[PDB]
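File shown: input_23.cif (mmCIF, N, CA, C and O atoms).
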data_coords
loop_
_atom_site.group_PDB
_atom_site.id
_atom_site.type_symbol
_atom_site.label_atom_id
_atom_site.label_comp_id
_atom_site.auth_asym_id
_atom_site.auth_seq_id
_atom_site.Cartn_x
_atom_site.Cartn_y
_atom_site.Cartn_z
ATOM 1 N N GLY A 1 10.274 54.257 13.676
ATOM 2 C CA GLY A 1 11.649 53.959 13.213
ATOM 3 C C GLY A 1 12.588 53.702 14.371
ATOM 4 O O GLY A 1 12.207 53.068 15.353
ATOM 5 N N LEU A 2 13.813 54.201 14.260
ATOM 6 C CA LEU A 2 14.814 54.030 15.309
ATOM 7 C C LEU A 2 14.544 54.974 16.473
ATOM 8 O O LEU A 2 15.201 56.003 16.621
ATOM 9 N N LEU A 3 13.563 54.617 17.284
ATOM 10 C CA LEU A 3 13.179 55.413 18.436
ATOM 11 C C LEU A 3 12.306 54.582 19.364
ATOM 12 O O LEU A 3 11.310 53.999 18.935
ATOM 13 N N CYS A 4 12.691 54.523 20.624
ATOM 14 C CA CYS A 4 11.952 53.757 21.614
ATOM 15 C C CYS A 4 11.571 54.649 22.788
ATOM 16 O O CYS A 4 12.162 55.711 22.986
ATOM 17 N N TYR A 5 10.575 54.225 23.550
ATOM 18 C CA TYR A 5 10.102 54.999 24.693
ATOM 19 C C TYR A 5 9.840 54.122 25.903
ATOM 20 O O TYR A 5 9.471 52.956 25.780
ATOM 21 N N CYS A 6 9.987 54.720 27.070
ATOM 22 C CA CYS A 6 9.721 54.038 28.323
ATOM 23 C C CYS A 6 8.227 54.047 28.594
ATOM 24 O O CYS A 6 7.552 55.065 28.415
ATOM 25 N N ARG A 7 7.714 52.917 29.015
ATOM 26 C CA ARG A 7 6.303 52.774 29.313
ATOM 27 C C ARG A 7 6.134 52.271 30.729
ATOM 28 O O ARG A 7 6.967 51.521 31.235
ATOM 29 N N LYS A 8 5.070 52.702 31.369
ATOM 30 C CA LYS A 8 4.803 52.309 32.739
ATOM 31 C C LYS A 8 3.941 51.055 32.783
ATOM 32 O O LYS A 8 2.812 51.048 32.286
ATOM 33 N N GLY A 9 4.472 50.006 33.389
ATOM 34 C CA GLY A 9 3.744 48.756 33.513
ATOM 35 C C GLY A 9 3.680 47.943 32.234
ATOM 36 O O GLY A 9 3.867 46.729 32.263
ATOM 37 N N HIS A 10 3.397 48.599 31.118
ATOM 38 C CA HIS A 10 3.292 47.908 29.832
ATOM 39 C C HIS A 10 3.264 48.881 28.663
ATOM 40 O O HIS A 10 2.907 50.051 28.816
ATOM 41 N N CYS A 11 3.642 48.374 27.504
ATOM 42 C CA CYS A 11 3.674 49.154 26.274
ATOM 43 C C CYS A 11 2.278 49.275 25.675
ATOM 44 O O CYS A 11 1.367 48.528 26.048
ATOM 45 N N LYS A 12 2.117 50.188 24.727
ATOM 46 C CA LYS A 12 0.841 50.364 24.057
ATOM 47 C C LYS A 12 0.687 49.300 22.976
ATOM 48 O O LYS A 12 1.669 48.651 22.603
ATOM 49 N N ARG A 13 -0.537 49.131 22.477
ATOM 50 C CA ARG A 13 -0.827 48.148 21.428
ATOM 51 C C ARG A 13 -0.148 48.521 20.110
ATOM 52 O O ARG A 13 -0.803 48.926 19.153
ATOM 53 N N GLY A 14 1.168 48.400 20.086
ATOM 54 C CA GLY A 14 1.935 48.732 18.910
ATOM 55 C C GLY A 14 3.418 48.772 19.207
ATOM 56 O O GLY A 14 4.248 48.564 18.321
ATOM 57 N N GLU A 15 3.759 49.046 20.463
ATOM 58 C CA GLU A 15 5.146 49.118 20.868
ATOM 59 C C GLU A 15 5.590 47.799 21.471
ATOM 60 O O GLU A 15 4.985 47.300 22.416
ATOM 61 N N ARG A 16 6.644 47.235 20.914
ATOM 62 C CA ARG A 16 7.161 45.967 21.415
ATOM 63 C C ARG A 16 8.270 46.197 22.430
ATOM 64 O O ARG A 16 9.131 47.055 22.235
ATOM 65 N N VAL A 17 8.230 45.431 23.512
ATOM 66 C CA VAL A 17 9.221 45.541 24.575
ATOM 67 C C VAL A 17 10.614 45.222 24.056
ATOM 68 O O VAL A 17 10.849 44.162 23.477
ATOM 69 N N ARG A 18 11.529 46.145 24.279
ATOM 70 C CA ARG A 18 12.907 45.977 23.860
ATOM 71 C C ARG A 18 13.778 45.733 25.081
ATOM 72 O O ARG A 18 14.794 45.040 25.009
ATOM 73 N N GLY A 19 13.369 46.309 26.201
ATOM 74 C CA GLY A 19 14.115 46.143 27.429
ATOM 75 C C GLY A 19 13.414 46.761 28.618
ATOM 76 O O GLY A 19 12.212 47.016 28.577
ATOM 77 N N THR A 20 14.166 47.003 29.676
ATOM 78 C CA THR A 20 13.627 47.590 30.890
ATOM 79 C C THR A 20 14.161 49.003 31.098
ATOM 80 O O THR A 20 15.324 49.279 30.809
ATOM 81 N N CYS A 21 13.315 49.885 31.605
ATOM 82 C CA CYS A 21 13.711 51.262 31.864
ATOM 83 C C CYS A 21 14.046 51.444 33.332
ATOM 84 O O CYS A 21 14.950 52.192 33.696
ATOM 85 N N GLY A 22 13.304 50.747 34.170
ATOM 86 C CA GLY A 22 13.517 50.822 35.592
ATOM 87 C C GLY A 22 12.420 50.108 36.342
ATOM 88 O O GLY A 22 11.716 49.275 35.764
ATOM 89 N N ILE A 23 12.262 50.438 37.611
ATOM 90 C CA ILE A 23 11.229 49.821 38.426
ATOM 91 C C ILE A 23 9.853 50.190 37.887
ATOM 92 O O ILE A 23 9.425 51.336 38.003
ATOM 93 N N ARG A 24 9.183 49.199 37.297
ATOM 94 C CA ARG A 24 7.846 49.359 36.716
ATOM 95 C C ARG A 24 7.868 50.104 35.380
ATOM 96 O O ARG A 24 6.823 50.559 34.912
ATOM 97 N N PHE A 25 9.037 50.215 34.743
ATOM 98 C CA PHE A 25 9.117 50.890 33.459
ATOM 99 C C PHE A 25 9.818 50.005 32.452
ATOM 100 O O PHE A 25 10.871 49.430 32.734
ATOM 101 N N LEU A 26 9.220 49.894 31.286
ATOM 102 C CA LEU A 26 9.761 49.067 30.218
ATOM 103 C C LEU A 26 10.102 49.913 29.005
ATOM 104 O O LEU A 26 9.360 50.821 28.644
ATOM 105 N N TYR A 27 11.210 49.600 28.368
ATOM 106 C CA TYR A 27 11.633 50.315 27.180
ATOM 107 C C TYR A 27 11.018 49.623 25.978
ATOM 108 O O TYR A 27 11.402 48.502 25.635
ATOM 109 N N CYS A 28 10.040 50.268 25.381
ATOM 110 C CA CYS A 28 9.330 49.697 24.248
ATOM 111 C C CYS A 28 9.630 50.439 22.957
ATOM 112 O O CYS A 28 9.706 51.668 22.931
ATOM 113 N N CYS A 29 9.773 49.684 21.886
ATOM 114 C CA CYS A 29 10.030 50.253 20.578
ATOM 115 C C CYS A 29 8.847 49.967 19.665
ATOM 116 O O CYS A 29 8.494 48.802 19.441
ATOM 117 N N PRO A 30 8.213 51.017 19.125
ATOM 118 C CA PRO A 30 7.062 50.876 18.227
ATOM 119 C C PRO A 30 7.391 49.993 17.034
ATOM 120 O O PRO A 30 8.543 49.922 16.602
ATOM 121 N N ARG A 31 6.396 49.293 16.516
ATOM 122 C CA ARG A 31 6.624 48.410 15.385
ATOM 123 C C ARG A 31 6.519 49.158 14.057
ATOM 124 O O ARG A 31 5.946 48.658 13.085
ATOM 125 N N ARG A 32 7.096 50.350 14.033
ATOM 126 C CA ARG A 32 7.110 51.196 12.857
ATOM 127 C C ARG A 32 8.020 52.379 13.129
ATOM 128 O O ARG A 32 8.428 53.070 12.173
#
For the structure just supplied, provide its representation as structure tokens.
Amino acid sequence: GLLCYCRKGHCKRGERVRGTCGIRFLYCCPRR
């Protein structure tokens, strides 16, 4: 739902990139 997480290098097979968290970190939001 309305909750996203920072991922290192890339998101998991389910989380879509929403933005950037920092150097080598991406803010990904799950597709559910």
Task: Atom-to-atom span, atom N of residue 1 (chain A) and atom N of residue 24 (chain A), Å - done: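 These two atoms are separated by 24.2 Å.
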- [ ] Return as a VMD selection string the set of residues that the PyMOL selection byres ((chain A and resi 16) around 7) yields on the displayed structure.
- [x] chain A and resid 5 11 to 15 17 to 19 27 to 31
Open item on the list: What would the selection look like, as a PyMOL selection string, if the PyMOL selection byres ((chain A and resi 9) around 7) were run on the coordinates I just shared?
Closed with: chain A and resi 7-8+10-11+23-26
TODO: Write out as a ChimeraX atom specification all residues of chain A that DSSP puts in strand (DSSP E or B) for this structure's backbone.
DONE: /A:5-8,15-22,25-30
Open item on the list: Can you measure CA of residue 22 (chain A) to CA of residue 2 (chain A) for me? One decimal in Å is fine.
Closed with: 20.6 Å
Listed atoms of region 20-31 of chain A boxed axis-aligned with 8 Å per side, centre + edges as JSON:
{"center_x": 10.6, "center_y": 49.6, "center_z": 25.8, "size_x": 25.4, "size_y": 21.2, "size_z": 41.3}
Task: Gap from CA of residue 21 (chain A) to CA of residue 3 (chain A) - Å, one decimal - done: 14.1 Å
